[PDB]
Each structure stands twice: as structure tokens, then as C-alpha cells.
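Trainee: Protein chains in written order, with PDB author numbering: chain A, 3 to 39, 52 to 148, 157 to 280; chain B, 3 to 280; chain E, 3 to 280; chain D, 3 to 39, 52 to 148, 157 to 280; chain C, 27 to 112, 124 to 333; chain F, 27 to 112, 124 to 333.
C-beta atoms are modelled at their ideal positions from N, C-alpha and C, and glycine is treated no differently.
Before I ask anything, here is the structure I am working with.
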Amino acid sequence: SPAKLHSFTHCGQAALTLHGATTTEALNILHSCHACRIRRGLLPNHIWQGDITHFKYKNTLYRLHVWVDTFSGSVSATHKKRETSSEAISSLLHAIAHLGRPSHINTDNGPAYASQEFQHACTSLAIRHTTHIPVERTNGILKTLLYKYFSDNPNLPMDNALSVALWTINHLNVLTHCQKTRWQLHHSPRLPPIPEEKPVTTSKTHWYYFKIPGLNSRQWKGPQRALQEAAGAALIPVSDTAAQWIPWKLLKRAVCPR
Amino acid sequence: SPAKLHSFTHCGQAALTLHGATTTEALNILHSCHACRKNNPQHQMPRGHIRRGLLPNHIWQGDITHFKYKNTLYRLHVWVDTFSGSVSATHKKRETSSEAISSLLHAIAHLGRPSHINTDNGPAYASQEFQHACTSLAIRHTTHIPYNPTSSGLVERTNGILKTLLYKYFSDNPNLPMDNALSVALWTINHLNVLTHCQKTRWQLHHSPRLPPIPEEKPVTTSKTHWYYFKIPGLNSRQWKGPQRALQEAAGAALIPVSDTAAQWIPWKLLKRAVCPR
Amino acid sequence: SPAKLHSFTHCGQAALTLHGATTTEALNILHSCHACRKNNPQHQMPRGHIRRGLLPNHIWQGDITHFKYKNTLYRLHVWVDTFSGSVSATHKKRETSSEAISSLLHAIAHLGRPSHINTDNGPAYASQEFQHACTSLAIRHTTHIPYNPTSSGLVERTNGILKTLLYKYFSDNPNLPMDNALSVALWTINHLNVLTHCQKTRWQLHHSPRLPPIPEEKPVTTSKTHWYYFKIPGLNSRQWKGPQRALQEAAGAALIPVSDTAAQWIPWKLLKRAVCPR
Amino acid sequence: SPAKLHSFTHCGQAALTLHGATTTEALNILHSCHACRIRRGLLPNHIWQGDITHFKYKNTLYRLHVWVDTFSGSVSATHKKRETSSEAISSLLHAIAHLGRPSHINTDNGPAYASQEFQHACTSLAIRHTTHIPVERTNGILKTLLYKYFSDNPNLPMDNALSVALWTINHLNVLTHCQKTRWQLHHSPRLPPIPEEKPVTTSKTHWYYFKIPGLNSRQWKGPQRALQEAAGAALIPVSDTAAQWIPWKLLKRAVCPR
Amino acid sequence: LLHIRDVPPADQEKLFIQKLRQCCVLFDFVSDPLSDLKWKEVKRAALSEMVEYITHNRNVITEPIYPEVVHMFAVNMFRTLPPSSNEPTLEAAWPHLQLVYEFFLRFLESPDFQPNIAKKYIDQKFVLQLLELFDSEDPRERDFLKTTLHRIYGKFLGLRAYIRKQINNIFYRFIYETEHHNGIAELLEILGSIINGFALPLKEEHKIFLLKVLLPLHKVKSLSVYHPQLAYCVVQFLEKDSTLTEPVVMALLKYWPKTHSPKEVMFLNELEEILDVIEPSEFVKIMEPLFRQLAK
Amino acid sequence: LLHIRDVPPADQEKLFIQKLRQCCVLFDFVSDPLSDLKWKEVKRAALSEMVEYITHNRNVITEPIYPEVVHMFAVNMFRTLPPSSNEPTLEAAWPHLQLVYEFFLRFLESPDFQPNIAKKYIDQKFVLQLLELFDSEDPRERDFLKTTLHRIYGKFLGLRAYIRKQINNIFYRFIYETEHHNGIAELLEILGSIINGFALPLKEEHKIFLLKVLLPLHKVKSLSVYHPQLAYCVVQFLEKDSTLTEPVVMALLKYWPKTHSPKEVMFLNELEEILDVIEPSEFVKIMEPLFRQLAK
DNA sequence: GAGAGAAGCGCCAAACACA
DNA sequence: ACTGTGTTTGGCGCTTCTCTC
DNA sequence: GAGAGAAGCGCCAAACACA
DNA sequence: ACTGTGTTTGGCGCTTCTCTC
Ligand SMILES: O=C(NCc1c(F)cc(F)cc1F)c1cn2c(c(O)c1=O)C(=O)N1[C@H]3CC[C@H](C3)O[C@@H]1C2
Ligand SMILES: O=C(NCc1c(F)cc(F)cc1F)c1cn2c(c(O)c1=O)C(=O)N1[C@H]3CC[C@H](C3)O[C@@H]1C2
Ligand SMILES: [Mg+2]
Ligand SMILES: [Mg+2]
Ligand SMILES: [Zn+2]
Ligand SMILES: [Zn+2]
Ligand SMILES: [Zn+2]
Ligand SMILES: [Zn+2]
């Protein structure tokens, strides 16, 4: 339901177009809502930007540690009550867990990112860190989304709102230029290299002996090729008409009959 | 006569054979015996396998585990994608429906939006708040057979792997903060460690192209029923119970009427084949 | 560098391979890691087998089991011949050295005189009276590794078989006296039931001709020692301990020094191979 | 040690001769001790005799239910405090457990062996029971052995003495005529029948794949013949010089290579 | 007609061909939004059934199947381009085109595909007509076109140098004749992937390629829309041989804008990358002129 | 010499033969209890080593081994019998004889033994000399002799009717010529085991055997020492054919002692067994004469 | 100059623990 | 619907290496 | 008159419990 | 010395049977 999705999520109209709603319905929903009415890096996880933002509330302050990829705009945000070097390291590690380990990192000067602890943390991860003193748009859209979520309901633990906002920015909203979501563009597999003077041979997957689950048989029925493989299962076409996901415990490696 | 000898001493098969009996007749006496089958704890039934999704972000599996560190008992909420094995874990202080909802939302922000999720019958998965949160995102939350941890093997095994990595990290630096260790372990599991069989990390499988479609399924099951000796999963008993007739059986379990009032679902691990009374 | 990556994240083998490393170098890093081996509960060590006699009435194996019947907890003293599997069982009211001596004498009167007997470290097998009774008949009574019930597998399995037959008998006639049921079960086991593999009853093997001589044995063992991660059999621990160097190792177990004062005997099931410190 | 064996056991001199002591030493030991100074049945466990004897003590009475095989003299004795049909059935069942199930049984008339309960017990075991009203020597030697044991020490629970006496009568004392112990004569395997006009072929035992214990190998090394088989083990000559008992868990059935 | 999986295997390929022929008819959304709605629904369902069938069975592709599917592709994709209009507009018939692109992608990468059957079915003309489609304004179409052209270039061996000559010619036309183009970034990504697979020693025509169509290409006023990918190409090539870096240095020191403009920063970025590799091997031959040029 | 297992297999059979030859020398305990004590100890140890070696290896028995071991047996067992003296005495050299008996028993029942090699090594003379040894007073010797003769009779096929004729002749001599014999019971047990393996229909010479040497044999005054076994033989034969029971009835009704004596009861026992089988098949042809005879 | 030892590397079945 | 699974580990076959007569 | 279904029978690997 | 083991059980290959065109 695009209507309830926009009520909870407040995502863009294009995101609604990728769902069941079409352009006219997406525009109608977008304009009917009371509340809604360059790149330096060369590859994903190549150069990051690290900002620290103050979130103003009616009776308290929050610290938003934000790491933004310079190639896809992927955002990793962490909420804190104070601001020291230890929490900077914690936010960096959380960003690495969510996105991966970048090769280069960049951030502004301050009490954090300049102590020996942060340099020690970056050294063990083989991350080179540079400092410059004077993106700012992802921060702004994050604050606007948080404000909209708090306007929809004031009874939030400040954690669910942040998690939902990150989900909306990365997985739901779609970029206007490349027509890709930030997660899709960041995690799109790259084009493999093409060796010269050598044909690109098709990769051949091994054959398997398989047993039908739920039959308690003790026979492996024929060496046969696997269409697809996953975690804990693999596609085996049991006949010339249908295929089934067989667990690894019922599969045995084989050799091509030749 | 083999019949009276077995009715008196409950001897074996060859013991009846040496007194004069064909192998089939002795085998028939053994399988037709009523006391000799409830008291034998040996059975042979087909094995079950947890339901696996057809594509990434189709079926998830969640559980809650305890961890002792710095005299504090942290509760790790762990969610695992069934297709690719990707893990999203959040550490909390206590167990509450709000904690479960926050952990689920963090998992959504980290991996994606799942359609179906199944967990055990925990005290926090059956509350009104969790059901409302699940139905707000159009997520179907199901439950397992109570007191049967085998039905959630993937998530429990993931909990074991995560705990082992945490213990490895804490063995070197006991002063390392919990959040740092959890983040490093999650990064190592998702992005560094490769799966044993397919030799691909969980992260490559999760973000592999979704171009392959979803194969069509067939809900047609067996139209016949049999007689089963059953054991209650909650409490372990020395001898089998029944036998009774299953109202309906599916792949992995069967509907066995425990009493004359209400029925129950029994997995294939606690069922034994019976002889036809008619 | 694979070294720093593994020292930071403790990743797997192929994770180091994709960052640039030969398979042997990554394998060497994995086996040379100190934290990665104590925290992994997986090991692969040779299996042990209980000592078996060379002829009937050579080695016996005894244990005590409990049975609930008519609101009374009878204690069954069970002795089994290791060569043939013949069973002699006596039911008593309580556990006392006098009861053990009487049960042993009844077993001697029923089967024969054994040379060596081994039981666990029970409260009744270590008293002065039992030792005096054993040495009066020139019977060598040994002991097992404490809190290791696996070393007495034959007698525990015999206890299970005897209890199963008793339960079968009591399922039909609940008013049957205990002594009648025990006598019938003993007769069925010794004289009627045939062994699964050799297809000969215990009674034929026990009274088979003693014409075959005793094969000569060789007490020569390995002259080398290794380093082992060890776990105390009494208490289960999550991670391995050590590593230490065994004073001497035999077939099935090894002498591992738990502390700097006294050593201990550890079975092969709770030992893990280590890397040479030198 | 024959001396201590006679001190505890008080067996015959011939039993001492079968041990390390010889005829002269056996005679010397026998005469130095202060205290010691037809068949109707055709086969073992064919016809029995059942007697009930009263054992006189200094302050109490005991009941000895004795079953004696008519072909070998094997004795099965049970001690009781009373005498009813139920204890007669219990003694019969204990005798069956110790010796086996006889085809014919015989005993004197009395309150026991004549009730419906005893006939019902004998009917289920396919045992035909006959009664006659007028061996007595095995009883007498049993009483003498019990008296000697009580004379050696008065502090016995009346159970150890009986168990030792049964052990001595059946396993230690040797018959004068056939030079066999009662257990040996009772349980000596009978001569198998000889088919006519057909050679008695030698029984051939199956071959086995075996693994050496304590090596953690995953290889089965050669199909080879087993010399002897027992409970939980089997003799396999690992080389042309020595043989070893291999457990069944490390043995796999095979077929003759031909 | 009928479901492709509900027919016996004797004539299964016959219905395969027949259902492939069903989608050969055109359906235009630009002419009017509502026209032959149920025909379009049947076409979409048939395309979905074909794309799900092709990726679940083996030994499906046969000799009389290779032409027609490509012809079907030839019927739908190769056409006159929409008029130029300079948020860019989305192509009206995107559903059908997306399904056709996915089906062609699965057809080419199937393990049963033999690269020796299409050699006299796929020729230079097919590559020309496909490359002329890269001018499309739709970004999703550009993505699918680049991910298809990569596979086409990789699989075939006799169609490589011809594509290289064609990309050189189109680069010459773009830099000299007509400055209107929208698919610079995707082609640069494909070229970088090709560059990554070169061997040693580097051949001379690669040097001609970089000196003629790569370095002068920086003069385009619209560099900012494709600044990273182009840079990556340079950062992909020079690692094979560090001796040839100096002509790149003189090129970047001459194409640098001598006047103040926001365009300077991007240039610095590329230089930074070059700097991060130019320090080793004692490359100080042109360090002083470069420092003098960047001083101003 | 040397241990049999500590020699290479090339000459292992040579030392096998040599150590077999070592025990060929005699040692008499009857002449004097103390004579060549260490020689006797070496002989006993060698016999134990041989009997343990023979039952732990395969492919050991070879063509030149069959004679000599039997000859060794022929050296030790076949000899003049000790003088008769009517608790019976025990033979003085029992240890060596027991080891030799066990070794011969293992030699004959080994799976490597071929029953076609000893056919021209074991002849009728060997069986005569072995059967003449059954007169021995030692009961253990009688037991080992019967358990050896059973195997010898079972394994060989051309030595059966000759043994039957010989047992008939010795029975005739025992019942008519000389009444002094001590091995009635063991031979009767062997005969009963042979009877158990008969087939249908029963041949005539079996009827002659029972009528001539079985039924009249009851007249012996020393029946009580072998009463069960003989009876068992009858209880073993009549089950093959119940038609031939009547001549046994007239025999037992004529050999019954007409005067009072303790010997009556044993006869009744046999009759009881016969009765327990004679009731079916409507056997009342001789019931009245039997009742009249037992009435007196 | 050539063939037997030595280091490398892909594979697997029995074990363990997840309250 | 309902339903056990993924990682660690020494032993071993196959393959490519080099010091030695 | 002859060859495909049907009853018989020996064998085995994964499971279970012995406090 | 020290040390895990024996029974139960449906599925399946090999073999010997008989009702049917
Ligand atoms: O036995 C457990 N693990 C060990 C184990 C395994 F992991 C996998 C196996 F194949 C076998 C195993 F023995 C286990 C137990 N419980 C729960 C688990 O999730 C759980 O894994 C859980 O959540 N509850 C809640 C619902 C009612 C309350 C709370 O008790 C149950 C307890
Ligand atoms: O765990 C036991 N059985 C289950 C079992 C098995 F049978 C075989 C296996 F491979 C594994 C198993 F888990 C078991 C426990 N104990 C004793 C046993 O004999 C015994 O079998 C015993 O006598 N003692 C005394 C000495 C100190 C006190 C008393 O505690 C111990 C307890
Ligand atoms: Mg759990
Ligand atoms: Mg125990
Ligand atoms: Zn809105
Ligand atoms: Zn039964
Ligand atoms: Zn490590
Ligand atoms: Zn005495």
C-alpha cells in the first residue's frame, strides 16, 4: 500500500512509482500530504566524508555521527549523547560494519579525529586519514526526515526514527540522475576485467548427487548440474520440468561423466 | 509356538526363528507386538529442513541470545537472512517488545525489508506491540512448534558463530568495548568470512543481482494419513504414546490429536510408525 | 598483510587468500593462532575403546543402576563379562559395600571367577571391605577416570537393555514381582537373545571350548610426547586450557599436568592437538 | 594359592590338583585341615528334581529350595524365610535363569507344586510336571559345605555362604567318574549330527575390512578373513605374524575376492 | 497460446519459437497512452514467462533459435531515436523494453550459448546498430546497454578491434563534429574494464588511443558529468607501464584552464591520483614544470 | 631350537617340521617319576608353542606336513595298553598326551585342512589302531578320543562303512567273546550322533544293526554304567520310521529280567521313553502283551 | 641426464554447540 | 503452515617440485 | 507355454539412551 | 594402566515365487 508506506516513510514520489502506484497516483499522494506539500570518489568505499551534527530537541541535544560515501551518497548515522574520540571510533566501526572498509577517509579538524587514539584506530585498519578545514546535503535531508517523523508522532525512542530514516534514505529513495537507489548504486557489482587475446570462457559449476527430502531414501540419484547455489541450499532440477532447492546436507560433489 | 514364547519373554527375531518360524512370520510378530514398540526408543522417520526463501529478503529468522561481559548480561537480538545468511545483530540491556521492534527496524535499515519472518514462541514475539509493528510494514510473522529449538537451527547456529567470534576478540583485549567488538565481528562475518560450501561471502549473495525470478511452487501434499506413536515435544518421556491417527500431515510435521478435545502439531523427530489397527 | 588482518578480525582462510596469501601461509597463520584454537570447540582426535578380555572370565565390568517399581527404588548391581557379554544382575534395597560383595559373589557363582574387574569410582567400590574381598580371591580391581562414564560403555548399555526388558515385562503385568521379572529377563538375555553381529547368544560364547590359547601381547607404546589443549572431565568449560606437555601418553588417554603440583589422566575425547612452542 | 583357596572354599583334593598343587601337596593340605579331616535323565536340562530342605540354625530356620539336574548333578539353590507356591515359582524361575528351561520336571507332593498357580506357571513355560511320593546326596553335601563355612566364621549374611557353596559345587569340585566338574559336564556342547551321503563341509566365515584403532585413519585396509569372533570384537591378523582384536565399529562386511 | 512448460518436449521448441514470434508486433505508448491494453498485458506476461523459462532448463538453445530471438530484439530495440529535448524524461515503453533487455541478457549469458553459432548471425552491422542506441536519454536503458555490450565484447573474439575502431571514430565525431552526446560515462566504464585486462608489453595503438581520444577529451566543457569514470581510465592504464606517464603530464599541463573557474578542482583530483602513483620510480623529470604551472 | 614365529617365512615350514620332530622322542613317567625333567619341560613348551601357532595363521598346512605330524601322533598315542587293574587310575603321562590330543584336534579341524590329501595318508590301519585305543581306562583320554573320532568320521567319506563294520565286529566280540570293556558310553554317543543324521527311507543294514548289536546288548550285566546313552540311541532312531518299533517291543519284552532285581527300574525308564512316542499312530498291536508282561 | 623424495593444495566425514 | 545447520579439522589423493647417483 | 508382478529374506546406516 | 557400545529399524538389492495373455 503506497499510501500507508508514504504515511510511515514519507519517501519520494518516484519511490512510490516503483511500487504499485503510477505517476499520476504518486503525484496525487505527494501533493495531498500536509507535511510533504559533484562526486570526488571514483569507486564505492574509496573516499568517505565524516561529519558531526547537533540535533536540537525540545529539552535535550543529540549527537549525530554521519559518514557519507562520496561516490554513491550512502549514509551511516549513529546517535550519541556525548562526543569524544572513543565514540568517533565506535561510529567509524559501525559504519564499516554497515558499508565496508574504505581506502581513504576525510573529515574536518576538531577535538575528535586528531587525537592519537583515532590515528591508532585508522592505522590498524590500513586507512589513511586526511584533514581539511574550510557532503552537507545528505545531512540536511536527514534532519528534515527526522523532523517529519517526529512531527508524525512525538513518542519515539529516537532510535526507531533514526533506523527508519536510514532505511528510507538508502533503500527507498531513488536518485534523480542515475535512477538508482543509494544502496543499489553503492553495492552494484563492478564490471570484471576482460583479458586480452584470450576468450572469456563461461564458468562451469560442479555436478552433484542429490536426495529428495522427506523420503528417507539412501540412494543418490544421478550426477546432475546445479542451476544456482545459495547459503544452505542449491537449485537442482529433479526432472526436465521442475527444479527444487536441495539442502547441502543432501548433496554430494561429483565429477563430469564425460 | 513363537507366539506364546514372544508373549511371555518378548525375545528377538532369531530367537523365534530357531524355535521354528519363517523370517516373515517372526518379523510380523515383532511389528505386531504392542509393548515391544512403545518401549523401544529406536525409530526411523524422514528428516525435516527449515523453510528457506526463494530470493534475498524473502524469509528471515530471529532469536535472542545472552552474553556475559564485564559482569553484565547483554542480550543480543540476532536476525539472519535465510537465503544468503546475512546477519544483523543489536545488543540491548533487557528483553522487551520495544527492544524487539527496535532490533527489527535496525535489521531492516541494515539489510532490507523482509516479507515473512519466523521465530520461536518467545515471550517478546507474541505481544500486541510486536504484531502491530509487523502488520504496519505488511510483514507476516509466524511461530514455531513450542519447545522445539531444532526448527530454528540457522539462527541458533548463527548465534553460536557470533558468540565464538566475540569470545575470540575478548580473549586478546578484555578492555575492548562491547559495541566495537560487535561491529568488528559483524563486519568479519558479513564481508570477510566466506561460506563453506558455495565459497561466496554472505554479502555477495545478498547483493547479487535479483534478476533470477521466483520459481513457482506447488502446495499439493499427500492425501493419505497413517497411525503414529507420538511424544510431546515439551516433556520427554521414556515410552511412546498412542497410537493415534493424524488428522492431516505436511512436510516436516504432522497434526496428532493429543487428547479428545484439542489436537497438536508434532515434528517428524518425535513420531514413530505404527501398525494398521484395521 | 594477512597477519595484521587476522590479528585484528580473526577471519577465515579464504578471507586471507583473497587479500594475497598462499594456501599454506594462510593455513600456517590459522594453526599458529593462539586465540583461534582455544575458542573453537572443534577437534579431531583418535577414538578410544574399552579393554576387552582375551578369553571368557578374563575381564568383567560392573555398575549399579536404579529402578522404580511399586513406589520402591530398587538398586540393580549388574556385572557383565567383557568377552561374551554374559550378564549377572542382583537386585538390592540399598547401596553398601556388603551389597557389592554379595553381588560379586553371586556373579561368581553364576558365571565364574574373573581375574581383572574394572568399575567406575563409585562410593562402594573404593571401601576397605570391597578391596579385602577382591584380594581374598586374587582379583585385581581397577578404577576408571573419574566423571567419565564413557569408559564403562558396555555395562551402561547392558543396564539400558535390562531396564528396557523390565519395562516391557511390567507393561503387561504390573502386579508381577520384581524377582520373577528379573529372572525372566536374565534368562531371555543370556539364553534366548542372540548378539547382533556374531549371531551367537552370550551363553554359547561363555561356554564355548576354552581350547583357543591367549594371544601374546606387547606392552611397547609410543616413546614420544606432544603438546595438548586439555579440558577437565569433571567440569565442562567453553574454551580449552593450556597448552601443556604430556608426561606420558598411552592408548586411549594421556597424562596431562593440570597444575604445577600434581598431574592427571585425560581421555582422548577432551584433548586437542597444539602447535610446537619450539 | 591352593592353601588359601582351600581355607576359603574347602573344596576337594582333586580340585586342588587341577591347580598349581600336585597330588602329594593336595593330599597333605587335605589331611592337614582340622575341618576336612544312577542317572535318570538322558540330556542336560531334560529332567529335574525339586526338593525343599529345612536348614537349622542356632536361633532361626531357613528354607532351601533346591533344583538338581538328573544328568549332571547341577544344583540351583535359593534361600527363603517362608514356603508358599509363589516362592516355589520364584525359585523355579531363578533356576531357569541359572541353568535353562527343562523339558520335564519332577518333585514330591506337598502344599507347593500342587496348587493351580504352580501348574499355570509350568504350563506357560511348556514344562510338564509329574508328582511322585516315596537326589538326596547333593542336598547333604550342600548342608555339609554350609556347616563348614559357618564353622570357619559365624558372621555371614547367609547369602554369601550360599553363593560360595553353589560356586564350589558347580565350578570347583570335580566328579570322580567322568573327571569333569558339574558345570563342565552340564554345559559341554553336544556332538552335532552327521548327515549321510553328504560330506561335512567346513564352515566358512565372512571376510572383513578393518581399521587399526588409535590411528584416526579413514581407510579400510584389505578384505581379510577373521580367525575368531566374540562379543564386541573379532580377531583379525593385521600381518602375517600377529593378530589383534578389532571392535565391530571398525569392521565392515566384505565378499570373497575370488 | 499455451504455457511453454505444459507442452511435450517433441514440439516444445516449436511453441518456444511461436511464443517468441508473438512479441514481434510493436506497441507504441508515445502515440497514445491507451491502445491495445490487453494485447500489451499478454505481451508482458509472455515476456515474463520466456525470461523465467530460459533460466531454468538446459539444452534449450538450438540452431534455428539463434536468429529469430535476435531478430525479435532487432525488431524492438533498433529504431529511430526520440527527438532530442535536452530531470531527464523517461521512455514511454519502459516495461516492455526492460523485459526485452533482461531476456536478451539471459539469452547471451546462458551456459548453453555457443560463441561459434552466432558468428554468422551477429556481425559488424549489429554492433553498429547497437552502438548507435547509446545516444538514448534514458539512464536505465544506458545501464542495460552497457552491461550487455560488456558481455558481447567479452564473449566474441573477432569483434574486438572493430569495436575499438568504432569507439575511436565516435570519439572523434563527438570531440570534433557534434558535441551532443549523453552516453560518455557508460562507454568510459566499459573502456576502463577493457583497459584492466591489458598485458605486457603495452602495444603502440594503445598509446595512440590514449594520446588521441583520451587526453584531448578533457577539453569538453561538459566534463563534470563524467569526471570520475574518465579519470579512472587513466588510473587504470598507467600501472601497466610507468614510462609513458610523462606525455600525460604534458597534456594535463596544457589543457589546464589558465583562467579562474570552478572547473579547476576536478583537474586537481586527477592530478592527485596521478601524484599518488608518480612519486615512486624517481619521476622528477617534469616535477619542476608541473610545480611552476600549478603555482599560478 | 628357536621360536617358530621368529624365523623368516622362506624356511618357516622347515623349522615347523624340525620342531615337530623334536617331540617324536618318548618320555615315560611309569618307569620312574623323575627322568629327564628339563627335556620334558622343553617338550611341553614346544607342544604349547605348536598348538598356539597352528590356530593363529592361514595357509600353513602343506603337502610334506601331512605325514609326519600324524606319524608323530602315531609315535605317541598308538602303543601297548597298560595292564588291566579293574576311582579308576589316571595315566601317568597325562600332560604330554593332553597337549598331543589338543594339537591333533586342532590339526584336523583347521580350515586349511584338505580332505583329499590325507586319503592316501590316513587308511583303514590308522582307524583300527585308533579304535583299539578306546579300551583305555582314563576317562579324559576317552573323551578326547571320542571327540576326535567324531571329526575323523565326519570329514572322510570313504572311511564310514568300514568303521560301521568294525564297530559291529567289536560289539560282537564284546557281547560274545570278551566281556571286559570300558568305552561303551563314548562309542554309543558317537553312534547316536551318527543315527541323528540318517535319511528316509531307512536302509536294511540299519535294521540289521539294531536287531543284532543294539537290542541284544541289553543282556550285559554292566548296563548301569552306560544306561542313558544306549537308551538315547534307540530314542534317536525310531523317529525316522515308526513301523519298525514292534520288533524292539518284542526284544525288550524278552530281555526283561523275569526275577526281582534292582536292575528293573532302568528298563522301565527306556520303556517310558518308548511309551512317550508309541502312543500316536495307533500302536496297540502289542499293547496287550506288553501290559501282561509288565503286570507280573 | 633422469627418476625417486619433498612441498603445495583441494577435498571431506566425523564432532560440537547453539539456554 | 508445520520442519536442524554451518564451521573446524587432520588425513589423503593428486600434482608439481628439486636434490642426488 | 512363457515372461512380467508378487512374496520371501539377508543386510545396513542413522538414532537413542545408558543418572 | 589409561580408553564408548549394543539393539532397533525401514529401505533396498538379490532371489524365488505364480497368476495372466
Ligand atoms: O534449546 C535451545 N538451544 C539449544 C539448542 C539449539 F540451539 C539447537 C538445537 F538443535 C538443539 C538445542 F538444544 C533453546 C531454548 N529456548 C529458546 C531458544 O531460542 C533456544 O534456542 C527460546 O527462545 N525460548 C523461549 C520460548 C519459551 C522459553 C523462551 O524457552 C525457550 C528456550
Ligand atoms: O552419566 C552416566 N550415565 C549416562 C551415560 C552413559 F551411561 C554412557 C555414556 F557414554 C554417556 C552418558 F552420559 C553415569 C554417571 N555416574 C555413574 C555412572 O555409572 C554412569 O553411568 C556413577 O556410577 N557415578 C558414581 C561415581 C561418582 C558418582 C557416583 O557419580 C557418577 C555418576
Ligand atoms: Mg535459540
Ligand atoms: Mg553407569
Ligand atoms: Zn508525506
Ligand atoms: Zn512382544
Ligand atoms: Zn587469530
Ligand atoms: Zn579344609
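Output the residues surrounding ligand 6, defined as those with a CB atom closer than 6 Å to any ligand heavy atom, in chain order.
Mentor: That query returns the following residues: 8/B, 12/B, 35/B, 37/B and 38/B.
Trainee: So which of 310/F, 317/F, 255/F and 246/F has the shortest CA-CA distance to residue 280/F?
Mentor: Of the listed residues, the one whose Cα sits closest to residue 280/F is 317/F.
Trainee: Let me confirm a value: residue 65/C is counted as buried when at least 16 other C-beta atoms fall within 10 Å, else exposed. Which label applies?
Mentor: Counting Cβ neighbours within 10 Å, residue 65/C comes out exposed, since fewer than 16 surround it.
Trainee: For residue 139/C and residue 164/C, I'd like the C-alpha separation in whole angstroms.
Mentor: About 18 Å.
Trainee: Any C-beta of chain E within less than 7 Å: which residues of the segment 231 to 257 of chain D qualify?
Mentor: From the segment 231 to 257 of chain D, only 235, 236, 237, 238, 250, 251, 252, 253, 254 and 255 have a Cβ closer than 7 Å to chain E.
Trainee: So is residue 236/C buried or exposed if we call it buried at 16+ other beta carbons inside 10 Å?
Mentor: Exposed is the call here.
Trainee: At 8 Å on the CB atoms, spell out the chain E contacts of residue 182/D, in chain order.
Mentor: Going along chain E in sequence order, the residues near residue 182/D (Cβ under 8 Å) are 103, 104 and 107.
Trainee: Give the straight-line distance between the Cα atoms of residue 324/C and residue 123/A, rounded to the nearest whole angstrom.
Mentor: Going from the Cα of residue 324/C to the Cα of residue 123/A covers about 30 Å.
Trainee: Would you say residue 217/E reaches chain D, if we count a Cβ-Cβ gap shorter than 8 Å as a contact?
Mentor: For residue 217/E, the answer is yes, since a Cβ of chain D falls inside 8 Å of its Cβ.
Trainee: Is the CB of residue 192/C under 8 Å away from at least one CB in chain A?
Mentor: Yes, residue 192/C lies at the interface with chain A (some Cβ there is under 8 Å from its Cβ).
Trainee: Can residue 208/A and residue 185/B be called in contact, C-beta distance under 8 Å?
Mentor: No, the Cβ-Cβ distance between residue 208/A and residue 185/B is not below 8 Å.
Trainee: For residue 284/C, I'd like the list of residues in its chain whose CB is within less than 7 Å of its CB, leaving aside the five on either flank, ordered along the chain.
Mentor: Taken in chain order, the residues that qualify are 248.
Trainee: On the DSSP bridge list, what partners appear for residue 78/E?
Mentor: DSSP, once it has assigned bridges, lists 67/E and 93/E as partnering residue 78/E.
Trainee: Check whether the Cβ atoms of residue 52/E and residue 164/E lie closer than 8 Å to each other.
Mentor: No, these two residues do not count as a Cβ contact at 8 Å.
Trainee: Against chain E, which members of the segment 73 to 103 of chain F pass a CB distance test of less than 8 Å?
Mentor: Correct list: 74, 77, 78, 81 and 82.
Trainee: Check for me: the beta strand (DSSP E) holding residue 229/E runs from which residue to which?
Mentor: Residue 229/E -> beta strand (DSSP E) spans 229 to 232.
Trainee: Got a sec: is the Cβ-Cβ distance from residue 136/E to anything in chain D below 8 Å?
Mentor: Chain D, which has no Cβ nearer than 8 Å to the Cβ of residue 136/E, makes this no.
Trainee: Mind checking residue 201/A: buried by the 16 CB within 10 Å criterion, or exposed?
Mentor: Flag for residue 201/A reads buried.
Trainee: Can you name the residues of chain A whose CB is closer than 8 Å to the CB of residue 268/C?
Mentor: Under the 8 Å cutoff, chain A gives 56.
Trainee: Under the three-state reduction of DSSP, which class applies to residue 55/A: helix, strand or coil?
Mentor: Residue state, collapsed to three classes: coil.
Trainee: Just to check, is the beta-carbon of residue 151/B closer than 7 Å to a non-hydrogen atom of ligand 3?
Mentor: Indeed, a heavy atom of ligand 3 lies less than 7 Å from the Cβ.
Trainee: Give me, in chain order, the residues of the same chain whose beta-carbon lies closer than 7 Å to that of residue 180/B; leave out the 5 immediate sequence neighbours on both sides.
Mentor: The answer, listed in chain order, is 71, 76 and 93.
Trainee: Counting only beta-carbon atoms, is residue 213/E nearer than 8 Å to chain F?
Mentor: Yes, residue 213/E counts as interfacial toward chain F.
Trainee: What residues in its chain sit with their C-beta under 7 Å from that of residue 327/C, if we drop five residues either side in the sequence?
Mentor: 286 and 290, listed in sequence order.
Trainee: So if I threshold CB-CB distances at 8 Å, which residues from the segment 185 to 199 of chain A count as touching chain B?
Mentor: Here the close residues are 185, 186, 188, 189, 192 and 193.
Trainee: If you measure from the CB of residue 65/E, is any heavy atom of ligand 4 nearer than 7 Å?
Mentor: Yes - ligand 4 has a heavy atom lying nearer than 7 Å to the Cβ of residue 65/E.
Trainee: Can you find the residues in the same chain that come closer than 6 Å, C-beta to C-beta, to residue 125/C, ignoring five residues on each side of it along the sequence?
Mentor: So the list reads 174, once near-sequence residues are dropped.
Trainee: Answer with yes or no whether the minimum CB distance from residue 221/F to chain D is below 8 Å.
Mentor: Closer than 8 Å: no.
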